[PDB]
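Chemist: No sequence on hand, only this structure:
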RNA sequence: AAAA
RNA sequence: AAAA
Ligand SMILES: [Mg+2]
Ligand SMILES: [Mg+2]
Ligand SMILES: [Mg+2]
Ligand SMILES: [Mg+2]
Ligand SMILES: [Zn+2]
Ligand SMILES: [Zn+2]
Ligand SMILES: [Zn+2]
Ligand SMILES: [Zn+2]
Ligand SMILES: [Zn+2]
Ligand SMILES: [Zn+2]
């Protein structure tokens, strides 16, 4: 099985590539909420600053705007 | 299991051949960076010259 | 076939 | 449901 490279933005409802079971965490990859089992991305967010407050990508300290 | 001939350009989601865990090295198969453990492709690059500064395929001194 |  |  190969990972879908488009997830969490895959537009093919019949995509045969691997999608994580759990939806992406809307707190971002840097989510520190205890017990949160949503999928936390490891891919860094490309926006500087990022102003999407439901961005699932991984942010550094100060990257949020 | 044998290696995938098509990786990193394998479009078969059910591909049985093994795909390396590490992504291809952005420096190309000719990478000389010490300690670099990204996957260094062996198959040569067709583009003469390559224009992709992140082509993972193997180049030569006069393929810039 | 998700605009480099 | 296709990353500003
Ligand atoms: Mg694109
Ligand atoms: Mg197109
Ligand atoms: Mg868009
Ligand atoms: Mg886009
Ligand atoms: Zn997909
Ligand atoms: Zn979370
Ligand atoms: Zn972001
Ligand atoms: Zn393959
Ligand atoms: Zn390398
Ligand atoms: Zn090349």
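Modeler: Structure's in. What do you need? Residues are numbered from 1 along each chain as shown, chains lettered A, B, ... in the order given. Ligands and ions are numbered 1, 2, ... in the order given.
Chemist: Next to ligand 5, which bits of chain A? Give me the list.
Modeler: Counting by C-beta under 5 Å from the ion, chain A comes close to ligand 5 at A:4, A:10, A:15, A:17. Every C-beta, even on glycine, is put in place using the N, C-alpha and C of the backbone.
Chemist: Now do the same contact list for the third one.
Modeler: So that's residue A:15. Shown in contact with residue A:15 (C-beta atoms under 8 Å, 6 or more residues apart in numbering or on different chains): A:4, A:6.
Chemist: Checking it next. Helix, strand or coil?
Modeler: Three-state assignment for residue A:15 (DSSP: H, G, I helix; E, B strand; the rest coil): coil.
Chemist: what's the distance between it and residue B:15?
Modeler: 15 Å (C-beta to C-beta, to the nearest Å).
Chemist: For residue A:45, which non-adjacent residue is spatially closest?
Modeler: In space, and not counting its chain neighbours, residue A:45 is closest to residue A:57: 3.7 Å by C-beta to C-beta, 6 or more residues apart in numbering or on different chains.
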